[PDB]
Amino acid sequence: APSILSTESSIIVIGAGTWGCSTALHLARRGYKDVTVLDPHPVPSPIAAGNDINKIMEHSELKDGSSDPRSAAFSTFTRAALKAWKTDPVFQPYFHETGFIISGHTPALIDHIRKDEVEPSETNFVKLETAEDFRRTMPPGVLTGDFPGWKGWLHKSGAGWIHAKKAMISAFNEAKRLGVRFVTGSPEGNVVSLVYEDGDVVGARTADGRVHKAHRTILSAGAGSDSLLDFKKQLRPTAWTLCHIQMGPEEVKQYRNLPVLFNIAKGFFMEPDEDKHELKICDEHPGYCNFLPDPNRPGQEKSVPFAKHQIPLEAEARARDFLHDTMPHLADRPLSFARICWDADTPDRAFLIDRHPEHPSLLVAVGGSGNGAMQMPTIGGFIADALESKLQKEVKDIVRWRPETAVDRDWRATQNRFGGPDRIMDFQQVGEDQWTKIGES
């Protein structure tokens, strides 16, 4: 069916985000001379989930008998990612191997962590039983709370945080230096449709009415991808919430080299950024969707993203609850920034990276499922491998096109997340006056 693939083949990548920039870089390194990346926004896109001052990176090797094929595939992805965060000149400056603490504050949450995360892992964890145990994982003055009911485990090596925003910019800069062409801005990079001829994809149409033709088209537009192809319910666009506190110029100096602290039913925080000294808190919960009528499925819903630099008041309150337990000296500080951030979950929260069975010139690379950002250095290599029909066996069948898994999908499934109301929430039920008002009157 499709044209024969070579490095002279014209390629279009839809979406210059986390995975799109990685893909552009890897295709350039592999000697693909004719690559064009389309995005409605210039890098770093304000709607990219990767456009964040930090994200968590973690890699765990799994014991024999404690893996299933899905978790083994995940460890294959993170193994490669870890190696590259420590080595690849484009990414290495942006990885901080400070460690990672996973915790919960009820016996049920703590048991879940023990069974799913700790017992299966070859990692040698340090157990944290008391408030003092938690506080001693960071410099004096940083963790001050009583951690009521908390127990957790510290993973020192092979985990930490990444400066996702700077690493994405780094990848973009290097892909463009190596000759990739970026068309970024609206309407010129805002893709509204895939373009088909003879039952295959021949490129993309942007909002200005231009048709961009290529021999292969890669769809890597994060949550926005769901509007450009019928994924047969394989994607659920879903939002999480983040806010920032501005640290002062003396107090900030203690907050350095910090392991990530994560309570699976409350949230996490990462150390203040180097440029604005802003400390980011994510309140953990199963996610917000924005459920509107599915234009192609009568009587059914489909979640549609929208951008906003505020968060619901209830999400701010959850963030402050996390701070009260951990850093109560910060819990009443004004927010300096907040936003909603969109990803898309597959039914099993494995990635979806495959050639389309009906349209072989289309490659989809979607379904970050809440753990795509840590894949940045290497995900473009896996995506390029799939383009070249050689995605490795340890991942190919896990991340395949799999519409059978999403028949009668329950959009309100909590998909192994916890916190907040312990249910999927709907932005259509959030009042207009129910948001933070940062920077307003």
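Residue numbers here begin at 1 and follow the sequence given.
Look at the C-alpha B-factors of 101 to 109 and of 314 to 322. On average they run higher in 101 to 109.
For the segment pair 112 to 120 and 73 to 81, the entry gives 112 to 120 the higher mean B-factor, averaged over Cα atoms. By the numbers in the PDB entry, the CA B factor is greatest at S193 among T238, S193, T346, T130. Take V304, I353, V126, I245 and read off each C-alpha B-factor from the entry; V126 has the highest. For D283, the recorded CA B-factor ranks within the lowest third of the chain. Only modelled residues enter the ranking. Annotation for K55: CA B-factor lies in the lowest third of the chain's modelled residues. For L154, the recorded CA temperature factor ranks within the middle third of the chain's modelled residues. Ranked by Cα temperature factor within the chain, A223 sits in the lowest third according to the deposited record. When all modelled residues of the chain are sorted by CA temperature factor, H215 is found within the highest third.
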